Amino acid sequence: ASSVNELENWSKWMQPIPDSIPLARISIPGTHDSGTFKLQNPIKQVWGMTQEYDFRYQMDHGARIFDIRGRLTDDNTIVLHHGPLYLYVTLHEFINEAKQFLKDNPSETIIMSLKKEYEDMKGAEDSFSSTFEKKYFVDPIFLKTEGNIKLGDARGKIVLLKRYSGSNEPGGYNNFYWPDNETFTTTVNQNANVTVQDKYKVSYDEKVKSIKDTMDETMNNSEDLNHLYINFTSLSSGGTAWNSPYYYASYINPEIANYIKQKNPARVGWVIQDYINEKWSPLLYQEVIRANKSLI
């Protein structure tokens, strides 16, 4: 319908947005290293954990972009990893949560970014991209439409954001040059541009400025429908309680949340964050979702 109050239902917040709006133009909360929630070993948690809750908790809190990092096993299935570590979560496991969620909330869409996080186990029969495409993508939940995907065509389906090469099947967002630890801008699909801020290995200070500056560039280019803006608030670092992603996010999330709160912008972009929870105020994911009041 037509009320900003509808953006307040985290489970169906995309319901009020017009079908004609390109997904790119929508401000969307996302989660970084989404599948790390099962990590229980203290040392592993410090070095790799970025989320405390599962996929379903994540989507019921408004997150629509999932950063999935896989690895081809001998058994010829794709499981989730954080570098060399297996996360006790599988790709099927993710797809099924997304399927259930999209069934209960058919107004929504889920964007799934897929990246090959580690090298294929030695005995696999096919390549990573090939297994993914013949064994999973082929599933009807995957949108096979490319171009500047519109919200209308996406609802009820999972939209792929390829972060792997060798893709032979058309659909979703195509792979694009993604340089290490920087903020950049290039082109995707056919004519659309993309600017990404992914300075994952920098100082806190440099990070907050990188986020704000990319966010500024976004709110100032609010009507450029064919421009993707992906902005990672996540930052990784050393191995101690005052250096871990949890420590940083406990600062970065409320800081960016308020930053959006006060600027009252029309466009915020795709904001991928660590630790989507309900501890810090204001809520980053909620402020990002509210920057959509202008589309209603």
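Just count from 1 along the sequence shown to find any residue number.
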With reference to the PDB entry, specify whether the mean Cα temperature factor is higher for 283-291 or for 17-25. 17-25
Can you tell me which stretch has the higher mean Cα B-factor, 44-52 or 262-270? 44-52
Can you tell me which of 213, 133, 223, 108 has the maximum CA B-factor listed in the PDB entry? 223
Top Cα B factor in the deposited entry, candidates 57, 232, 37, 242: 242
Give the position of residue 64 by CA B-factor within its chain, expressed as the lowest, middle or highest third. lowest
Among modelled residues of the same chain, the CA temperature factor third for residue 93: lowest
Lowest, middle or highest third: where is residue 102 by C-alpha B factor in its chain? lowest
Sorting by Cα B-factor within the chain, modelled residues only, which third would residue 112 end up in: lowest, middle or highest? lowest
CA B-factor placement of residue 148, once the chain's modelled residues are sorted into thirds: highest
